[PDB]
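Taken one at a time, structure 1 and structure 2 that follow are two forms of one protein chain, written as structure tokens.
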Structure 1
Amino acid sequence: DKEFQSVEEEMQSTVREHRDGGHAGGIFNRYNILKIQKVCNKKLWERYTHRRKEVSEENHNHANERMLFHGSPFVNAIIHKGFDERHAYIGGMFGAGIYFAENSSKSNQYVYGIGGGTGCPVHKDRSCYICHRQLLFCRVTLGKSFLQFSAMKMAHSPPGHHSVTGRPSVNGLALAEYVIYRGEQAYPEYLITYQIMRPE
């Protein structure tokens, strides 16, 4: 499957060297991709496309849809129930929203919790090369995205906007991040099962 090869390439090619020296997500340059599953949840897809059409109509017939990563210990609840802003990241740089990265390694830092939590459930290792990790590769409707550089605790998107784009800056973000404030503005399209690999 070329669809799956495209997802593996997005995963591999978006890895970056993290400022924390791998404290949160581990030390690696690449992954061992074990499985890529397409999520087909008709109810979630209908909620997503219904919202995507509304946002498109409010944004000059353009949804501004992107494929983005999301790492979380709650990936299995997300696949069944969808992203839920009632469980949004309050402590987040851009307030109470649902957060995504365009770099797979940034999302990998959240797979076991904030700052990688205590790592894998079995070895309590944030850099575990044994335990199988899971990330989501999502369809996200950004619509009219508010470009922001510094911390801005929002409860909802700014007036006239459908999302917030956190752009990198000198005394700010190392890498981009994308925030939606409505769970129906993202669809968890692919569930990726993988391992981070020990460097060569």
Structure 2
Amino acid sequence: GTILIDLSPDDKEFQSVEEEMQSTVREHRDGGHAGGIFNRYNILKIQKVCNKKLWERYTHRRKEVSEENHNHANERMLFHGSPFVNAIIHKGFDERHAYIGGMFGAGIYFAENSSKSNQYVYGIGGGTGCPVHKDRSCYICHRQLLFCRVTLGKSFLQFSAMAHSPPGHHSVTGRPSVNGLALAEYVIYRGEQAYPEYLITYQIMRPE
């Protein structure tokens, strides 16, 4: 029941989604090892993900969290990178998309920095790079990210450098406390707390 609606670059919706990609790029402490070396992207396509059943699954859970948290879903738009982007848009988020070895435990992880999510496009640590060239820093191959609606509800705040939420909470916020440029990262423990709104196809660009 998933259809993908192709957006025009003339559409203000495309523009604001792209602006969110580009402006949340940062340098990484691995010097580009996982995600490649780039300051910006070449956005090839942005598609809206329409799945009624997955959307209704999302809103049902959203209303539940909201009601446990003074009518406040605490909803964000966050990036997600994964080799399983394609299963996610058709079948939705579930336990097979969880990062078992993550620093905040076995859950599904999201990023405010698009470039953080980019490090996961080819696997943990960027795996072995793109399938074609085995290059983690490939400038040729097409990459895909999700820009997702995420229900955080009451988030356990964790200062720093599948399972359950900490009791009394609906998610975990990893606050950065070493790198002053890093944006927050987030973990949900139920697939229903995220909807894969936008599929963005792109290339990282070789810096000049």
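Take the two forms, superpose them, and find the largest set of C-alpha atoms that agree within 1.5 Å; that set is the rigid core. Throughout, residue numbering runs from 1 along the sequence of structure 1.
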*Displaced position between structure 1 and structure 2, chosen from 27, 175, 36, 39 (C-alpha, 2 Å or more, rigid core)*: 175
*Is residue 102 one of the residues whose Cα moves 2 Å or more between structure 1 and structure 2, with the core superposed?*
no
*Displaced residue check between structure 1 and structure 2: residue 85, CA, 2 Å or over, core reference*: yes
*Enter the rigid core superposed C-alpha shift of residue 159 between structure 1 and structure 2, rounded to one decimal in Å.*
1.0
*How much does the C-alpha of residue 52 move between structure 1 and structure 2, in Å, when the core is lined up?*
0.3
